[PDB]
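Heads up, the chain below is alone and in the form deposited in one PDB entry; it's given as structure tokens.
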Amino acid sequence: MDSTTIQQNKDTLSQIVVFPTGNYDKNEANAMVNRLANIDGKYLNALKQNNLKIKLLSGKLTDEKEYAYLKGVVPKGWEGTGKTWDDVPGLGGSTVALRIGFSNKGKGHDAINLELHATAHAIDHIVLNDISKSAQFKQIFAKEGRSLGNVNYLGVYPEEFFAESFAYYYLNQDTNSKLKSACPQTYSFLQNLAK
């Protein structure tokens, strides 16, 4: 309905997204920004205020200097697998690092969208001050925490279910209505947050 909002958010994101040195698909990198541009501007401006940089990567996560301490480190609940932090495409929290071309579900992650799920962690931690670990959201998580699948992951950690609910809410119209169907209280919760 509104293309003007996307364009203004893209300009906010221009003060947030940092493009990598090296070779990558420029069009796909731009597609990731367009998807991030659907997040409420209130959240984006607040990330801009706190100087949160969304770093897009052309290579592996642990190839980057700041995440080199993760090289060879096995993430939690990567029992066997054979994969370490070197094989993780995205990361969110205090910092945001995303590998370009790995947005879709299955590209080394179970999130419905890499960049929206990770940026959610930053908005949760930096902007909303760990709202996923608040009494109100815990009550909702207690009831709706498994309604998006991944019951041993999303259904166990409220910070993860928040991030995925956020991604469902802001990705596209289909996954938004999917969230409203499966998680009415969570949908209502996020809707009030942006009011």
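Rigid core (definition): largest C-alpha set, two forms, superposition within 1.5 Å. Residue numbers run from 1 along the displayed sequence.
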Of 61-69 vs 25-33, the stretch with the larger average CA B-factor in the entry is 61-69
Avg C-alpha B-factor, entry values, 119-127 vs 79-87, higher side is 79-87
Sorting the chain's modelled residues by C-alpha B-factor and splitting them into thirds places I112 in the lowest
Entry-reported C-alpha B-factor of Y153 relative to its chain, by third, is lowest
Assert third(CA B-factor, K143) within chain per record equals highest
In terms of its chain's C-alpha B-factors, the third that includes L179 is the lowest
On the chain's distribution of Cα B-factors, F161 falls within the third called lowest
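The discussion below concerns the form deposited with a partner chain bound, not included here.
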Per contact check vs its partner chain in the deposited bound form (non-hydrogen atom within 4.5 angstroms), the hit among 38-46, 130-138, 24-32, 51-59 is 130-138
Though only this chain appears here, would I100 touch its partner chain in the deposited bound form if you measure heavy atom gaps against 4.5 Å?
-> no
Worksheet item: Applying a 4.5 Å heavy atom distance criterion, does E144 contact its partner chain in the deposited bound form?
Response: no
So in the deposited bound form, does any heavy atom of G72 sit within 4.5 Å of its partner chain? no
| Wondering, does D63 line up within 4.5 Å of its partner chain in the deposited bound form on heavy atoms? | no
After superposing the rigid core, is the C-alpha displacement of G93 2 Å or more between this form and the one not shown?
no
Q. With both forms fit on the core, has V74 moved 2 Å or more by CA between this form and the one not shown?
A. yes
Could you check whether the CA atom of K107 moves 2 Å or more between this form and the one not shown, using the rigid core for the fit? no
